[PDB]
């Protein structure tokens, strides 16, 4: 009946441990050494280098092509940090509408 | 569009005229019925239409927009599982009959890639397509399509008498 | 908790490997498309 | 507003016009295609 | 029946096939280092005992498996082209597929 009652404190659940941090640093620069190994394999050592560069008047569609390919990764990279799905979606709309025309005149200009 | 991919378009208009007024679909599609199979079949048929249109011509784009409507079919209805046991059942029957090609690889393997990284984003369906017994047909056919691809590379390069002792 | 109100992937010490590998695949992909277009076959 | 018998006549006449012009399309297609 | 003719003969066909076409060199060495990133992440999951986010692991893993998949699906269209699909339409579809995979894998890393 009435009187004092024993307390209750709600012993919480345990969180699993994350990682030792310098192990994660070790694997981060291992992956960095692998990607740098990829680029150093590409650019000179395996001779799959830049054989032709379109220095004519179709260079501007090539720079537009790099603007689209780098542009969607800038949009996705902004979407990774904050930047709600609607502003990303209108961003890739406002890039995708002029960008698809200058990334198709370029591929019309190169028949390979 | 689906029956137009199976036969000529004159059978597509018969199929559209059938399913517009059929009593089997108007039962779950009555005027006041917001009961989650109103949006399901109109994504089952767009999913299957881009799948057949992706498996005929072997296009990467039609098998990615087959996977976008597969994802948008997963967002809607809980009987998406049917699709992830039917498109792998189709491809596997394409393997047993000896009708493998590069179109069948180049359609199925990007359907599974985009459609299984994408259907995992719905919070009702978490890592279930990694560890459920009904999504294992798709990962199994995605498994052996690599073996049929590489084996299909070595069959067309070494002679027939050494090729018959391989399969 | 909301989907936003979680410990972030750069905040956690375990997910630095996968952010570094996704960033590696993306940058290697950009040099793959520029290197693929600018080579001559 | 439209009644229910008049909606029945509307639904049936959309069905009959639908199947009729489907059959006309299939006849014109099947006769005049290589 | 030691299969010594298989690895040497396919070594001559494939290893001759690499440097005759300069773009297949890009495709198969980029596939190979994608396999190295899959092995590095898999031995990170083996070297420690937990997979604590488990959406980060399938993010960084399915981007490598999916990108390898799309690269093979372009190499098969450059080696012997599909009938209705040009070699330039073989590549823009790879670009669109790769950007969709990069978005979903940057959404799934959180």
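In order of appearance the chains are A, B, C, D and E, and numbering begins at 1 in each one.
Definition applied: a contact is a pair of C-beta atoms (placed from the backbone, for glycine too) under 8 Å apart; a residue touches a chain by one contact, two chains touch by 3 or more.
If you take subunit B and subunit E together, no chain is in touch with both. Subunit A and subunit C have Cα centroids separated by 4 Å. In whole angstrom, the spacing between the mean C-alpha positions of subunit A and subunit B is 28. Here the spacing of subunit D and subunit E, counted between their Cα centres, is 52 Å.
With each centre defined as the average position of its C-alpha atoms, the distance from subunit A to subunit E rounds to 17 Å.
Annotation for subunit A: residues 18-20, 27, 31, 34-35, 38, 42, 48, 51, 69, 73, 110, 112 touch two or more other chains.
Looking at subunit E, residues 22, 26, 30, 33, 37, 40, 44, 52, 63, 91, 95, 102, 105-107, 109 sit in touch with two or more other chains. In subunit B, no residue reaches two or more other chains under the touch definition. Touching chain pairs in this entry, ordered by label, are A-C, A-E, B-D, B-E, C-E.
Every residue of subunit A that touches subunit E in the complex is listed here, in rising order: 16-20, 23, 27, 30-31, 34-35, 37-38, 41-42, 46, 48, 51, 69, 72-73, 76-77, 79-80, 103-104, 107-108, 110-112. Of all the residues in subunit B, the ones that touch subunit D in their complex are 8-10, 13-14, 17, 20-21.
By the touch criterion given at the top, residues 21-23, 26, 30, 33-34, 37, 40-41, 44, 52-53, 56-57, 59-60, 63-64, 67, 91, 95, 98, 102, 105-106, 109-110 of subunit E touch subunit C in their complex. Those residues of subunit B that touch subunit E in the shared complex are 57-61, 64, 68, 102-103, 105-106, 109-110, 112-114, 116-118, 120-121, 127, 130, 149, 153-154, 157-158, 162. By the touch criterion stated above, subunit E contacts subunit B in their complex at residues 5-6, 9-10, 13, 54-55, 58, 62-63, 65-66, 69-70, 72-74, 76-77, 80, 82-85, 90, 93-94, 96-97, 100-101, 104-105, 107-108.
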